[PDB]
Amino acid sequence: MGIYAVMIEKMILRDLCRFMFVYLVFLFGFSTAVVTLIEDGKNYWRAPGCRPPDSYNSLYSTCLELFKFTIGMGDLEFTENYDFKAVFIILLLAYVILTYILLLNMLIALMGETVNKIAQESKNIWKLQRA
Amino acid sequence: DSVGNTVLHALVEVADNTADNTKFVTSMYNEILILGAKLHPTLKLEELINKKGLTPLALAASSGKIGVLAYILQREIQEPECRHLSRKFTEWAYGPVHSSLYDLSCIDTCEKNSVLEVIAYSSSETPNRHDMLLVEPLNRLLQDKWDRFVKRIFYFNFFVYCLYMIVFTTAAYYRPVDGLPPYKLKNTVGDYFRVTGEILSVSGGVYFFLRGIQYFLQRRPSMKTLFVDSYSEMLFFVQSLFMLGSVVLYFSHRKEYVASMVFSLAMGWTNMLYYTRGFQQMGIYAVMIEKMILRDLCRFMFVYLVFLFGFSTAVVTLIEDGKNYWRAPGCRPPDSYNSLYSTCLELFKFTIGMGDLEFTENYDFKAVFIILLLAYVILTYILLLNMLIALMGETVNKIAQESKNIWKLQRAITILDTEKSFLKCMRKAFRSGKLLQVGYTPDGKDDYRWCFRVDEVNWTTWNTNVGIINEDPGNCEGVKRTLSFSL
Amino acid sequence: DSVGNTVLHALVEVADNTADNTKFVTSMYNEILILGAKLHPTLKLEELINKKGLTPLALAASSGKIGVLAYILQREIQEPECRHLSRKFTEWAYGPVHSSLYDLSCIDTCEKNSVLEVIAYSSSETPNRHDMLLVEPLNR
Ligand SMILES: CCCCCCCC/C=C/CCCCCCCC(=O)O[C@@H](COC(=O)CCCCCCCCCCCCCCC)COP(=O)([O-])OCC[N+](C)(C)C
Ligand SMILES: CCCCCCCC/C=C/CCCCCCCC(=O)O[C@@H](COC(=O)CCCCCCCCCCCCCCC)COP(=O)([O-])OCC[N+](C)(C)C
Ligand SMILES: CCCCCCCC/C=C/CCCCCCCC(=O)O[C@@H](COC(=O)CCCCCCCCCCCCCCC)COP(=O)([O-])OCC[N+](C)(C)C
Ligand SMILES: CCCCCCCC/C=C/CCCCCCCC(=O)O[C@@H](COC(=O)CCCCCCCCCCCCCCC)COP(=O)([O-])OCC[N+](C)(C)C
Ligand SMILES: CCCCCCCC/C=C\CCCCCCCC(=O)O[C@@H](COC(=O)CCCCCCCCCCCCCCC)COP(=O)([O-])OCC[N+](C)(C)C
Ligand SMILES: CCCCCCCC/C=C\CCCCCCCC(=O)O[C@@H](COC(=O)CCCCCCCCCCCCCCC)COP(=O)([O-])OCC[N+](C)(C)C
Ligand SMILES: CCCCCCCC/C=C\CCCCCCCC(=O)O[C@@H](COC(=O)CCCCCCCCCCCCCCC)COP(=O)([O-])OCC[N+](C)(C)C
Ligand SMILES: [Cl-]
Ligand code: NA
């Protein structure tokens, strides 16, 4: 168990820090482009599909709605208050491909390499932690 | 010959980097230099160019001849009257520690066909580009060109580009919404800052445009396969096309300016992954991101989109119109799913983790609808996504050394492109050569060659060398030459 | 010297853990102890400290000199009149099985610069911290 938590440390510092920089660059990058698309209500009207009648016009709401694609709860039709439905989906599809398909599955592969290379080192860091 | 190749050029174009071919070619390259000094010493054989203007060292860098390149840059010739042909010297040796000097005659960017510039600006058809910067002069030359006068320029370029994107975010977040895209300047302090952020946004879009034009035309005459070589300069140029295309759609009374400003905004933060080079563990990470897009995501998104468009065609063919014109609103999408776009969108949600699996009821034959969905989830979600993680697992193991070398080439292009920006910095870009004396020429004159200094140590070979430049060790702004020189 | 390093301290700060450097430094560290016993045996050379208060064994642990550390803790000297300089002894040997004794003079936490305390409380700029506890006294 102690070797296991030394490996947890070496995943936070080596693989999760390199992930959460490039992830938050992609998350804040595409969510900026989604808020810039979407306007206010402008039709003041729509059937409540799950009922969030919402001003998604905040940057915080869209960064929260693009984080849900990473979990597995990404709505992909989370608002309709925009124009140009084509460039809204092209933003979301380029986000899911870059982050969910590419960047998460790459994190699992890069955690796969690190386990192979710290398999002896994490035993020795643990013996220093016990010492 | 008719090509212009002399004897030393022909030894370069013969060698093909294998272990047996490197062994005698660099042995024959030595013996002809030694004969070239003994027969008539007034002629420097390596200054002779062919009809492409290449020296024999620049020819080894222009092609992928790494073994000839590793020999010339590290050439030590022990024989007196031939010591001046050496490109590696030692200036002192105090017991275990000795200080090596690598000559920087045609390399170090001050010349025209400098092999540091020739390697980094190659056209990717030449082999061993990533490995030619690992020879012992060229690695420490770029690293000490990085550690001073470049990393402060590169961190400044990464500071302005973050300040460029924060301005272009805020100018686009607070865009006007009232009407047609020529918007009147209301006399408020907010709309003054808003149009200030838009002028700074377009002026950056003009800048990355003009930086891309000078890459295409002025510097670096690019081939058609070189546009699929340099992915970064395309990505900054395509960003400036969406930014300048936004301005064209802005004044043309078209609301499609926001459709192009948004593509410049999402691609603009995606191009923040350019500047993550220069940080070593982050720069290797983004080279691996490149090799996952090109090698593993391209092979995935072909077979994925074949499976996605394949099963979604079979689902639309099943489902009809409403035909019952009735059902309780489970999440309330009462919808015509009879579009092909809606079903391709509903089968994409299985890949995310939001696949409904009962997304419509407007069909017949409920059995063959679920058998389509279950064969889709098994082929794509269970098989093809989990296989992508395994194939990304293999690629990481095989590019673990390669991505470190591609990064050092990515940093090397940054170091050379920084030096091209200033003619004043080129006189600062003499990398520590100090105009050092490395012995005497034939006719007995001072040699005075720009030499990069490398400290070394050996605990088995104690270096009682014939040619050692300084008799006093170290460097303390006080020099003393050795009397062991024939001249 | 001005640093306070004696001859055995200087052999520590010379060694840089490579395979060739470890080989003769621990060979030279032996021959000076053997000469240090034959010339005048009343002086214990490893008790001499520099101006940082480090012994030659504590200096090998304070820096990352694992090959000097692996030698001193396992030092067997076969020559009589120099057997007392050994840090590894055997107390009995019955056929195949023999029982080794590792001396714990400055190590085992009772002293001030105990090398078990020096290794574990290092400042992470020193190399081989995780590997210095794998030498045969310090692991067991
Ligand atoms: C918001 C959610 C965050 C979740 C994760 C945050 C968790 C806490 C993060 C805290 C801050 C990160 C620093 C870690 C601890 C500092 C000590 C150190 O030396 O660093 C590491 C160096 O390891 C590396 O050099 C490889 C990774 C590069 C650093 C990534 C920085 C990107 C942003 C990061 C921030 C991301 C978010 C910010 C986005 C803008 C420790 O590794 P080491 O084994 O001790 O030494 C290896 C020696 N080597 C360098 C020669 C190999
Ligand atoms: C540096 C640290 C980085 C970290 C964070 C970065 C800072 C973060 C934030 C920074 C500024 C935003 C906070 C202001 C809050 C009130 C504004 C407001 O809403 O009022 C008015 C707008 O007013 C504007 O137009 C906003 C100004 C836009 C300037 C764009 C370029 C900025 C740099 C210029 C040159 C630089 C040189 C000078 C530099 C000093 C009314 O708003 P509205 O238009 O009617 O409604 C929009 C609708 N929406 C809001 C729902 C979408
Ligand atoms: C006002 C608003 C603008 C904000 C300004 C911020 C941008 C402008 C700031 C520019 C200066 C940044 C320099 C910080 C590091 C110090 C230099 C150093 O030597 O450390 C080293 C460790 O560094 C790392 O390994 C961490 C990796 C960081 C990568 C991402 C940059 C984060 C900047 C903040 C977030 C970006 C913002 C994202 C978008 C907003 C780097 O060198 P090395 O090669 O790694 O190691 C040496 C090799 N060795 C291992 C063999 C020893
Ligand atoms: C829609 C979402 C797309 C998301 C991803 C798209 C991202 C951008 C895609 C851009 C287009 C794809 C080409 C990549 C760049 C061109 C340069 C090149 O040489 O190719 C690669 C060659 O690497 C390979 O040969 C292995 C992969 C085979 C290509 C897969 C094509 C399938 C469809 C693809 C389109 C999928 C979608 C279309 C479906 C109909 C570069 O690899 P290299 O390391 O430089 O050289 C290796 C040398 N080797 C060949 C000897 C090993
Ligand atoms: C895992 C993470 C995902 C989770 C989600 C968490 C994400 C958190 C995201 C955001 C923080 C949440 C707070 C803000 C949102 C609520 C209020 C709002 O609507 O916006 C307001 C502020 O305006 C802005 O939000 C800034 C405008 C553009 C952003 C520029 C940031 C620069 C990059 C910085 C570096 C980052 C780069 C990082 C890259 C590594 C605008 O509204 P208002 O009209 O001004 O208000 C009316 C009142 N008034 C008129 C009197 C003032
Ligand atoms: C929170 C507050 C926010 C609001 C305030 C912000 C207001 C104004 C904000 C941003 C202004 C917009 C600038 C647009 C120009 C393009 C931007 C860019 O990144 O390109 C270049 C900028 O490199 C340069 O330096 C070009 C000169 C810019 C003017 C100097 C600005 C210094 C201000 C700083 C003073 C502070 C420190 C002073 C020191 C004490 C760098 O890119 P590249 O690497 O050369 O090429 C790309 C890679 N490629 C080769 C693959 C294509
Ligand atoms: C990550 C990606 C997932 C995201 C989803 C994105 C997927 C995008 C998917 C589709 C694009 C979206 C636009 C079309 C749908 C909206 C309109 C409609 O209902 O269909 C209409 C068009 O008819 C068709 O759609 C074509 C019919 C069969 C498809 C043949 C394609 C051949 C393969 C090509 C190669 C592909 C192979 C690729 C394999 C690698 C039919 O309706 P209508 O009755 O004609 O309209 C009435 C008006 N009228 C009568 C006046 C005309
Ligand atoms: Cl309800
Ligand atoms: Na889900």
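Per the deposited record, determination of this structure is attributed to cryo-EM, with the resolution reported as 3.19 Å.

Colleague: I tried to follow empty space enclosed by the protein on my own but got confused; where do I start?
Modeller: Sizing a probe to match a water molecule and rolling it over the atoms shows the empty space that remains. Reported here for the largest cavity is a volume of approximately 50 Å³. Forming the walls of the largest cavity are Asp108, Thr109, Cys110, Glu419, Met426, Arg427 and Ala429 of chain B.

Colleague: What's the story with the site of ligand 3 in this structure? I'm lost.
Modeller: All residues in the neighbourhood of ligand 3 are listed as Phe21 of chain A together with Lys151, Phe158, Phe159, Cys162, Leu163, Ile166, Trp269, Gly278, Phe279, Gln280 and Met282 of chain B. Mapping the residues near ligand 3 onto chains gives chains A and B. At a separation of 3.2 Å, an oxygen atom of ligand 3 approaches a polar backbone atom of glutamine 280 of chain B. Those elements that place two or more of their residues in the shell around ligand 3 are α7 (151-173) and α11 (280-318) of chain B.

Colleague: Can you walk me through unusual backbone geometry in this structure?
Modeller: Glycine aside, residues mostly have negative phi angles, and peptide bonds mostly take the trans form. Residue and element names in this part refer to chain B. One non-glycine residue with positive phi stands out, namely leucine 435, at about 50°. Under the relative-accessibility criterion, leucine 435 is labelled partly exposed at 36%. Phi angles above zero are rare outside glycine, and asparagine 463 is one such case at about 60°. Relative to the helices and strands, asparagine 463 is located in the segment after β3 (451-457).

Colleague: What am I meant to see in the packing of aromatic side chains here?
Modeller: To describe a pair of aromatic rings, you give the distance between the ring centres and the angle between the ring planes. Residues and elements named next belong to chain A. Per the stated rule, a full pass over the model turns up 46 aromatic pairs over all chains. A centroid spacing of 5.5 Å and a plane angle of 55° characterise the contact between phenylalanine 78 and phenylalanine 88, whose relative ring orientation is tilted. With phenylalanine 78 in the loop between α2 (59-71) and α3 (85-117) and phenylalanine 88 in helix α3, the pair connects residues that are 10 residues apart, well separated along the chain. Residue class for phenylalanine 78 comes out buried when judged on its relative accessible area of 4%. We classify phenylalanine 88 as buried; its relative accessible area is 0%. Between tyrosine 82 and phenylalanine 88, the aromatic rings sit 4.5 Å apart at their centres with planes inclined by 25°, giving stacked as the arrangement. Of the two residues examined, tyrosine 82 and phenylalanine 88, each falls in the buried class.

Colleague: Got a minute to help me understand the coordination of the sodium ion (ligand 9) in this structure?
Modeller: Angles at a metal have ideal values that depend on geometry: 109.5 degrees with four tetrahedral donors, 90 or 180 degrees with six octahedral donors. Around the sodium ion (ligand 9), the protein supplies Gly72 of chain A (O) and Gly353 of chain B (O) as donor atoms, at distances of 2.5 Å. One end of the pair, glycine 72 of chain A, is in the loop between α2 and α3; the other, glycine 353 of chain B, is in the loop between α12 (340-352) and α13 (366-398), on a second chain. Judged by its relative accessible area of 11%, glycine 72 of chain A falls in the buried class. On the basis of relative accessible area, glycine 353 of chain B is assigned to the partly exposed category, the value being 40%.

Colleague: I keep staring at the UniProt feature "transmembrane region" (unreviewed entry) in chain B and nothing clicks. Help me out?
Modeller: The feature "transmembrane region" (unreviewed entry), as annotated in UniProt, sits at residues 153-172, 192-210, 231-251, 257-276, 297-319 and 367-391 of chain B in this numbering. Here residues 231-251 of chain B runs as 95% helix and 0% strand, with 31 Å between its end C-alpha atoms.

Colleague: Hey, could you run me through the site of ligand 6 in this one?
Modeller: Residue and element names in this part refer to chain B. Surrounding ligand 6, one finds 17 residues, the nearest of these being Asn157, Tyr161, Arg211, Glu233 and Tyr275. Between ligand 6 and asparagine 157 there is a distance of 3.1 Å, counted from an oxygen atom to a side-chain nitrogen or oxygen. The side chain of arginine 211 places a nitrogen or oxygen atom 2.7 Å from an oxygen atom of ligand 6. Considering ligand 6 on its own, with 1,300 Å² of exposed area, one finds that the protein chains cover 59% of that surface. Looking at the shell around ligand 6, the element that brings in the most residues is α7, giving eight residues.

Colleague: I tried to follow the interface of chain B and chain A on my own but got confused; where do I start?
Modeller: Many authors give the size of an interface as the accessible area that is lost as the parts come together. Each partner contributes to the interface: chain B provides 47 residues, whereas chain A provides 52 residues. Taking both partners together, chain B and chain A bury about 4,400 Å²; carbon and sulfur atoms supply 77% of that area. On the chain B side of the interface with chain A, the three residues burying the most area are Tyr285, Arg332 and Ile352 of chain B, jointly 15% of the side's total. The interface formed by chain B and chain A holds one salt bridge in total. Of the charged contacts in the structure, one is a salt bridge between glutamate 39 of chain A and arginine 175 of chain B, with a shortest N-O distance of 2.6 Å. Between chain B and chain A we count five residue pairs in polar contact in total. Secondary structure elements with two or more residues in the side of chain B that touches chain A: α7, α10 (257-270), α11, α12 and α13 of chain B. Examining the composition of the side of chain B that touches chain A, we find that 10 residues originate from one element, α11 of chain B, more than from any other. The residue makeup of the side of chain B that touches chain A, split by class, is 34 nonpolar, eight polar and five charged.

Criteria and thresholds
Residues numbered from 1 in each chain as written, not as in the entry; some residues may be left out. Chains lettered and ligands numbered in written order. Part of a larger assembly, values for the part shown. Heavy atoms only, no water. 1 Å grid on protein atoms, 1.4 Å probe; cavity = no way out; pocket = protein on both sides within 12 Å on 5 of 7 lines; lining within 4 Å. Points joined across faces, edges and corners; volume = space filled by probe spheres on them. Near = heavy atom within 4 Å. Polar contact = N/O pair within 3.5 Å; in protein donor to acceptor, adjacent residues only side chain to side chain. Helix = DSSP H or I, 4+ residues; strand = E, 2+ residues; numbered from the N terminus. Buried < 20%, exposed > 50% of the residue type's maximum accessible area, 1.4 Å probe, protein only. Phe/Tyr/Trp six-rings, centres within 6.5 Å; stacked < 30°, edge-to-face > 60°. Donors = N, O, S within 2.8 Å, 3.2 Å for Na, K, Ca; no water. UniProt positions renumbered as here; feature names shortened; annotations may be inferred. Areas by Shrake-Rupley, 256 points an atom, 1.4 Å probe, with all protein chains shown as cover. Contact = heavy atoms within 4.5 Å. Buried area = accessible area lost by both parts, 1.4 Å probe. Salt bridge = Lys/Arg side-chain N within 4 Å of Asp/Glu carboxyl O. Nonpolar A, V, L, I, M, F, W, Y, C, P; charged D, E, K, R; others polar.

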